[PDB]
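In the form deposited in one PDB entry, a lone chain appears below as C-alpha cells.
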C-alpha cells in the first residue's frame, strides 16, 4: 500500500499540524509537521499494522504513567546524541574543553545543602556503604585553581538508589547530594560512600523495550557533577568507578575516556587516622577544568525540568 505521497495525505499532514490555522506557535507546528510526516512515512515503508501501531500507543501511555520518559531517553541514545552535538559545536568554535561533558541523567534534585570546601554527603544509613573520600581541584579556563566555584554532586547508594527516587522510600532528604563551594585553593572534598551501578525498574516500560532490542538497562557505578562559576560555562559531567563490569557498556552511553577514575583502597592505620575516618576507606581524586563563556553567554546550559525540594 502506497498513499503517503498522494495529495490527500500530504494536505492532511498540513491540516493536522495546524499549518493552516492562524493561531498557535509556528515553531511547534514546524516540528509537529516534520515528525508526523516521518512517522506517517515510516508506517508506510515498514508496513506497520494497526495492531502494531496501537501496541506502540499503549506503550507510550505506560511510559508516561511510569514517568520513565527521561529514563528511556538516555537509553535510546538521545541524551548522548545531544552531547555529541554540543561537542561538535565547541570543536567548531575552537573550544578545547579539557574536562569532557557527558549526560546529566534524570535524577538531579535542586536545593541540596551547600558548604565551603568540605561536607559529608551521606547520613550513614547504608549498612553496606564503603567510606569514600572524593576530592579534587577546580581549574578555570587558564588552568588556575578557582576558589568560589560551586561543585554539585549526587550519586546513589550501594543498592543503586538516589535520595528522592528510592523505591524503598528509606532515604533522608538530599542524602548523597551536596553543593560544595571551592576554597582558597579551588578545592572541594567530600566524604560519602561508593555508589553501586543500577538498572531500570525491572518491570517498567523502559526495561520492556530494552528486552525487545536484546539490550540490558544497567549503568556502571558513577558520580554526577555540576560545576558552575562566574565567567565560565556550567559543566555537566560524571565520573565512572574503574573496574565496574559496565564501565564501557553503559546502557546510557555516558562513559568517556578521561572520566573513568580509580578508587584507591586504603587500609593502613596512618591513612585511616590522617583522614579521621573510622576504618578502611576508598579515595578518588578528580580535578575539573572549566571553559570560558562564549561572548558573554553560556551557549550550552540546559534548562530542563528538575525536581526541587
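Numbering follows the first chain given and starts at 1.
Only in words, not in the display: the form deposited with a small molecule bound, which the text now covers.
Peer 1: Residues 189, 225 and 286 are flagged as a possible site; in the deposited complex, is every one of them within 4.5 Å of the small molecule by some non-hydrogen atom?
Peer 2: No, the candidate spot makes no contact with the small molecule.
Peer 1: With the small molecule left out here, work out from 92 to 100, 180 to 188, 137 to 145, 106 to 114 which stretch has heavy atoms within 4.5 Å of it in the deposited complex.
Peer 2: It is the stretch 106 to 114.
Peer 1: Should residue 219 be classed as touching the small molecule in the deposited complex when contacts are defined as heavy atoms within 4.5 Å?
Peer 2: The answer is yes: residue 219 has a heavy atom within 4.5 Å of the small molecule.
Peer 1: Report whether the minimum heavy atom distance between residue 74 and the small molecule in the deposited complex is within 4.5 Å.
Peer 2: Residue 74: yes, in contact with the small molecule in the deposited complex.
Peer 1: Taking heavy atoms only, is residue 162 within 4.5 angstroms of the small molecule in the deposited complex?
Peer 2: Answer yes; at least one heavy atom of residue 162 falls within 4.5 Å of the small molecule in the deposited complex.
Peer 1: Counting only non-hydrogen atoms and a 4.5 angstroms cut-off, does residue 198 reach the small molecule in the deposited complex?
Peer 2: Yes, residue 198 lies within 4.5 Å of the small molecule in the deposited complex.
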